[PDB]
Amino acid sequence: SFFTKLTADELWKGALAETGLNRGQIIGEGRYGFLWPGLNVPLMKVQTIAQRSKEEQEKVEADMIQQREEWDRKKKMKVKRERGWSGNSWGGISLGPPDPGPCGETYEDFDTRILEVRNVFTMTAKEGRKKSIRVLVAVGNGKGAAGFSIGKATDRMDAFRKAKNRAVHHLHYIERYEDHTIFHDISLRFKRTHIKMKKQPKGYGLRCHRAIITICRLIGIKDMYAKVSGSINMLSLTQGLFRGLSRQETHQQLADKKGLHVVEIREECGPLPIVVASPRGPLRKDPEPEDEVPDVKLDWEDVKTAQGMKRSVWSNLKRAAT
Amino acid sequence: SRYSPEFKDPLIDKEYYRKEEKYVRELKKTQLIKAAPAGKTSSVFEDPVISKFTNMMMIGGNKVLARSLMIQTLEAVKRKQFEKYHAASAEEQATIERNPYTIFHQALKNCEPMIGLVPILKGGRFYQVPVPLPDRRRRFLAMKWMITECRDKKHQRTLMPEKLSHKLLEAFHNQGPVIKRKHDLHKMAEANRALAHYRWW
Amino acid sequence: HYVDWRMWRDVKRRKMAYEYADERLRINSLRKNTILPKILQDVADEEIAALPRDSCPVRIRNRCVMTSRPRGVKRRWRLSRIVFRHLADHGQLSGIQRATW
Amino acid sequence: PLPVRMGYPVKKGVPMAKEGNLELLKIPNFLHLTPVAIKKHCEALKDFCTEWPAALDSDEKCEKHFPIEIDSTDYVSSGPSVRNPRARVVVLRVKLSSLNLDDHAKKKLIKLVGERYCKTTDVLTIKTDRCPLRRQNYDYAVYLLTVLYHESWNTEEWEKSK
Amino acid sequence: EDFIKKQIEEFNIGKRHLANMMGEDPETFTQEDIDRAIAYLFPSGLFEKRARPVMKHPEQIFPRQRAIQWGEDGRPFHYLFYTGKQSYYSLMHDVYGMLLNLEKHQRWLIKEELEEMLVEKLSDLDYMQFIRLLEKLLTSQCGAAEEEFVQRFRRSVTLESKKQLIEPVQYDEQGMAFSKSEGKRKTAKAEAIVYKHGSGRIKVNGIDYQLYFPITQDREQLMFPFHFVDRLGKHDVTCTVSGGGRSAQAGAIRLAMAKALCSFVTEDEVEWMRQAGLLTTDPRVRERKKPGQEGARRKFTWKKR
Amino acid sequence: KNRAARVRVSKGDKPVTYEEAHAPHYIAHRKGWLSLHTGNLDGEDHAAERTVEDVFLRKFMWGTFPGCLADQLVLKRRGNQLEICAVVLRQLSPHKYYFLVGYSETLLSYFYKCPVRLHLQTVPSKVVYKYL
RNA sequence: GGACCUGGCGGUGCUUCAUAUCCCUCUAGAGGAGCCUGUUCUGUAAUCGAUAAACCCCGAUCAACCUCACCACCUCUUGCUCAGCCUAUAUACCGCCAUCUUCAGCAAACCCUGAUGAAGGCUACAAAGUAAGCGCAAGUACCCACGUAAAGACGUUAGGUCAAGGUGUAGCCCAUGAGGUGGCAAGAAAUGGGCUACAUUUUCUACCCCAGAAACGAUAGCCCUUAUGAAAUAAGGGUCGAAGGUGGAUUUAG
Ligand SMILES: [Mg+2]
Ligand SMILES: [Mg+2]
Ligand SMILES: [Mg+2]
Ligand SMILES: [Mg+2]
Ligand SMILES: [Mg+2]
Ligand SMILES: [Mg+2]
Ligand SMILES: [Mg+2]
């Protein structure tokens, strides 16, 4: 019947079952070919109750069908999701720059790349298991400034957006040799992750953990080696890395501490002593006491490498640029 | 109830209004007050105990009948007393009280049990522990027991008011089923002397 | 274009009743007496029996107009206690308000 | 022109504004029939209105002059049809003392007419519910009354067996 | 603020229009009249009076806020801004200062009202503290200014319902003082006519009370108020009764009788009567039956099993 | 959990109108009746007939005016009249609306033998009461 | 495997409370009898659904035919419908409910503590929380501000319902569609909830509360009318005149 029918929204709801269509048709459109002065025909005036020919109506129908098909095609169109580490993982994939502040204060210089996405569950009283998303996000702009965050929420997008904002608010500065490197070799134990980073020359690339690479890129660090030992909790790794980058002396700082001149002597260049950082003020006339055979509790792996005793097949592998 | 907590209960006895007290009066004046319920009356003749008894008797909320029955019992008692006294036998003023109300009161007094048994579980078994009853409870027991005796059914075709009257008479000089029951209860209590330490109050 | 087959059947029955009602009434009148002969009465009864079923007024069942359901149907509105309720709640029946009481 | 705000206020807000409320629409409204307007209308309609004579208040004078009281109603429902049966009915309340032409017929009329005729106030009250139209019903009632009166006046032979 | 101002003007205009429309011609006319007009010509008829159609001066309608606590170039106006809930804090400080001054020298608000006064949202504990402070101040023994300040918060109540309203005395046909009064009880209305003087009996609907009431309890009830007074047999009464059953009717009559007596009995006696509870309409009436239950409160059986 | 007309709190996003945002228990209290006719008074006749008509009319209106009804209609009757108050969006051209309206009036009139004269209420957006 | 976090549970400790609720206490009931009507199990060629609290005079504000879906027999095929289906999925759903609820919480959006772990965020002489929004409350109805209605969010239970209506998906489409005639329900039993008693506070008659008699109970049928209706389920009258002679463990309501 007619009274047994009902509104569309309800029907749609019924169809969907997400609780455990009228674009194409124009207000004058008909199955039968007809032409009314108000709609379908020109606005009022031709002014007569005309009807379409069979052929014309058929043509119209065909056109409509074509339009529908086109729409369907449009709907069913894959957009190219950039491949972050692994296709089907929220790895190095980029979110856009973090949304602007309350007063204004835009962050168009900054870029946001994800580091992990975990579906964290919690058993609550009446609700049962609550599927929350937890996301580790980093922020950086090049130029040495960067930070990170652990936004968590019931939705993914929400989590991302919180996280980006958090990152924007919590930034470290990371001093760099030139644009391209760490000032020196770092050895930091964070909780149970050990990270051994080595300073390298230009054209070495970033040969470190994928996350570590991404973070470096974000920072502005362009080329260096890093070994990640112990556990590999992502959060621990990230935080530890950040700490390491914060706590490395500049050459200027060193100079200040010691007097003296921080003079680098390259093998690439000649014997020529290049002075990097001299002290802003006085100069200590007593030279450093070169107490020979210096006690530095040094790593075994490095020693092995130097010697050639260890030869793992997964070490010097040809990889894609960074 | 449809009276608010603002509303307080009405003190009815009119000898109270025939003279801290002043303060109380003032307070009352300041406050609102409940209406006087039906049975509790201004009259000189009203006896509260008797009213209570009548209420107890009442079944199916048909009060008038109950009242009538109560009246009849009293009448019967009076008649009995007169028989004992006036024409038949000697005019023994001392041994025969004629006031039925007084007799009733005496009976009630007699019927009061100064100990009662509470059931208390311990280990996994039920013990009948003796307890000192408050006066109100005792009073209730008195009347209720009497009423149940009257009801019995072993007395059969006999009407109520007569039977009740008889019971009252029996009570008056320490006889009858109610008194026996009371005595039995007492005996039981005595038997469970030792279980007074099971009680925690 | 009625709600279901039952509804249609009911409608048909109603129509039949409307068609043959007067005659039925007459026959009942003829029957229901102590006045006048027995043979005549018998004949009348026979005639009534012969007359087709569904023209019978008692086979007319009440349903809701909207949903074809036989029970919970208020005869004031001719709709079911579900449909009626639905109507009421949105506020599409004048007068009908919830009994706060 | 009025800035009327019609609706229940939101927890920390205002009653809903004038320019898009269903509630206002729902209200049956008296924007027409402003007192002045009403007065004007009345003035306009002082024609159509022949004032009634000095037959006086208290209903005594009227009774003396006009006996009989017919009084039929008529209901004004909504919707496309106007056919309401209840409207057709008519009663005819007439005072028996005001009839003033009966001696023995007073004794007979009452006998004839059972549940009608109140004794506290001598009022015959025939009610006509038979025919469909109102006017015809009224006519019937009138006729009924007249015939009844005639019957009362014209005594029969069998009467004597009292 | 601009918007509000605009609305004010618009409101005024609307009012003027309304005035023009209605028979009351002047542009100056009261709020009550306006309300009446609105009722007449937008008759909602809804039970919620807030949901009814209204138009007023929008300074009554809108809930105002403390707009702009800092000017241009930051710098908040009031010195206790960074506390938050600043006004309350300021008030507290002032109170403290006053107390100190006093020391050197030698009913209450409700939370909602306080909030309204201030503008800021205020918790219960804070309110309590404030009250305590006020109390302390009061205790102190103060000058006039302090008293005035205190009064700003403290608001009166009006105490009602203590006396019984004494009816007239009236004389009809002959010189006889006769008091009319009326009582209801349990769907049973009464109307008693007590005559002062005229010693004897009570007529209920013409019939004498002895015949109208066969039962002793009802008789007692009828007697009651007179007995209480002490003026037992000194008044004749005619009493129209209607509705309900026996006992209820009797109760109603008693109530009415009491009321009548109030008319010409000493005020102290009236007070006593009131205290004793025979001048108050008992609002105990048969409870509505519910559609889940067998009776008004008794429910159908195995709810637990 | 009774859940008849009352629209459900999912988030703070759902824009809801005043009639739509009020539960059935408010009908006399904070709301009004949409339809208005004598039938449901007592004693009085022809309620059932009216109800069906009312049901039809709203549906018809919805069909005619697609995405051009902001809120539910108000049906009124005065003897032999059938007035309608539709709150419409300012979406389509006025000419089209005009064309529609007359047609509706004629068609409805011919159906029910009752002079209809509906009056529209142009409002640019749905008048939000709550963001539920 | 270790150590946490959140929950759930503990015949888990302390403290404080349930004012018809947990006990003692009250009052009237059920369980014993006959019926009335539901369920189960049985019977039948013959529905379906609900089926611990939260089913069991429940969907039904009603099954003689109808209703109706069920079963037997006999027909119909563009068929009331631009078909139809009370066919399968309530574990696809909307809609409309139950439930804890006789309760006060649930929340977006921020911020902080956890070396930035799952998480947590209480101290007014205040130690880090702030909050729109929904709920309680407040307003409303009814005989008031009391009471009772109504209201009661998020979730719980894949709780109830495809047979109220609508519909996703999957099927039947000379049949799981449609129409006709007849029929189908009766208890060896078990159990739930009613009614009525078992008598003297009673039974009958008057009167509707001062009376006079008596020393019950009222089905089951049996016949006979009456009402209804095409057709007998109800109502009355005669007749008969069961069991029962205050109910066990237990449990229901106020
Ligand atoms: Mg892949
Ligand atoms: Mg509920
Ligand atoms: Mg079928
Ligand atoms: Mg409720
Ligand atoms: Mg509330
Ligand atoms: Mg299930
Ligand atoms: Mg199921």
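Residues numbered from 1 in each chain as written, not as in the entry; some residues may be left out. Chains lettered and ligands numbered in written order. Part of a larger assembly, values for the part shown. Heavy atoms only, no water. Residues with missing side-chain atoms left out of burial classes, pairs and counts.

In terms of determination method and resolution, the entry is listed under cryo-EM at 3.5 Å.

K.L.:
Outline the protein's contact with RNA strand G, listing residues and values.
P.N.:
Surveying the vicinity of RNA strand G reveals 120 residues, the closest of which are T122 of chain A together with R13, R24, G72 and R85 of chain C. Within the side chain of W5 of chain C, a nitrogen or oxygen atom sits 3.1 Å from a sugar or linking oxygen of RNA strand G. In the environment of RNA strand G, a phosphate oxygen lies 2.7 Å from a nitrogen or oxygen atom belonging to the side chain of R53 of chain C. Here the surface near RNA strand G takes eight residues from helix α1 (residues 5-31) of chain C, the largest share from any one element. Residue composition of the surface near RNA strand G, grouped by class: 42 nonpolar, 24 polar and 54 charged. (Near = heavy atom within 4 Å. Polar contact = N/O pair within 3.5 Å; in protein donor to acceptor, adjacent residues only side chain to side chain. Helix = DSSP H or I, 4+ residues; strand = E, 2+ residues; numbered from the N terminus. Nonpolar A, V, L, I, M, F, W, Y, C, P; charged D, E, K, R; others polar.)

K.L.:
Tell me about the state of the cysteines, and please be specific about residues and values.
P.N.:
For the structure on display, the rule yields zero disulfides over all chains. Unpaired in terms of disulfides, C111 of chain B finds its nearest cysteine sulfur in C150 of chain B, a separation of 10.0 Å. Judged by relative accessible area, which is 0%, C111 of chain B ranks as buried. With no disulfide of its own, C262 of chain E lies closest to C239 of chain E among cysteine sulfurs, the gap being 15 Å. Residue class for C262 of chain E comes out buried when judged on its relative accessible area of 0%. (Disulfide = S-S within 2.5 Å. Buried < 20%, exposed > 50% of the residue type's maximum accessible area, 1.4 Å probe, protein only.)

K.L.:
So what about the pairing of strand β3 (residues 128-140) of chain A? Which residues, and what values?
P.N.:
All names here are of chain A. Across 13 bridges, the pairing between strand β2 (residues 111-124) and β3 is antiparallel. Following the sheet pairing, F121 is matched in β3 by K131. In this antiparallel pair of consecutive strands, β2 and β3, the connection spans three residues. One ladder, built from eight bridges, connects β3 with strand β4 (residues 145-153); its direction is antiparallel. (Pairing = 2+ DSSP bridges.)

K.L.:
Hey, could you go over helix α11 (residues 267-276) of chain E for me, with residue numbers and the actual values?
P.N.:
The element α11 of chain E is largely enclosed, with a buried count of eight among its ten residues. Listed in full, the buried residues belonging to α11 of chain E are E269, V270, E271, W272, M273, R274, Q275 and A276 of chain E. Next to the buried residues of α11 of chain E lie α1 (21-30) of chain B together with α9 (216-229) and α10 (246-263) of chain E. Note on α11 of chain E: the residue one or two positions beyond its end, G277 of chain E, has a positive phi of about 80°. (Contact = heavy atoms within 4.5 Å.)

K.L.:
Help me get a handle on the packing of α1 of chain C against helix α2 (residues 38-50) of chain C, residues and values and all.
P.N.:
Axis angle and axis distance: for two packed helices, these are the angle between their axes and the distance between the axes, and together they describe the pair. Residues and elements named next belong to chain C. At a minimum axis distance of 8 Å, the contact between α1 and α2 shows a crossing angle of 150°. With respect to α2, the element α1 is oriented roughly antiparallel. Where α1 crosses over α2, the handedness of that crossing is left-handed. Residues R24, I27, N28, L30 and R31 of α1 form the contact with α2, whose own contacting residues are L40, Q41, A44, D45 and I48. Here the contact of α1 with α2 is built from residues that sort into five nonpolar, two polar and three charged. (Axes fitted to C-alpha atoms, helices over the stretch in contact; angles between N-to-C directions. Parallel < 35°, antiparallel > 145°, perpendicular 65-115°, else oblique. Left-handed = near helix turned anticlockwise from the far one by under 90°.)

K.L.:
Give me a negative patch on the surface: which residues, what numbers.
P.N.:
Residue and element names in this part refer to chain E. On the surface, a cluster of negative charge is contributed by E1, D2, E9, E10 and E59. In terms of residue count, helix α1 (residues 2-21) provides more of the negative patch than any other element does, three residues in total. By secondary structure assignment, the location of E10 is in helix α1. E10 gets classed as partly exposed once you look at its relative accessible area, which sits at 43%. (Patch = residues over 30% accessible without salt bridge, like charges linked within 9 Å, V, L, I, M, F, W, Y side chains within 5 Å. Areas by Shrake-Rupley, 256 points an atom, 1.4 Å probe, with all protein chains shown as cover. Salt bridge = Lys/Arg side-chain N within 4 Å of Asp/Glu carboxyl O. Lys, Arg positive; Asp, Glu negative; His and termini not counted. Charge placed at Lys NZ, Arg CZ, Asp CG, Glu CD.)

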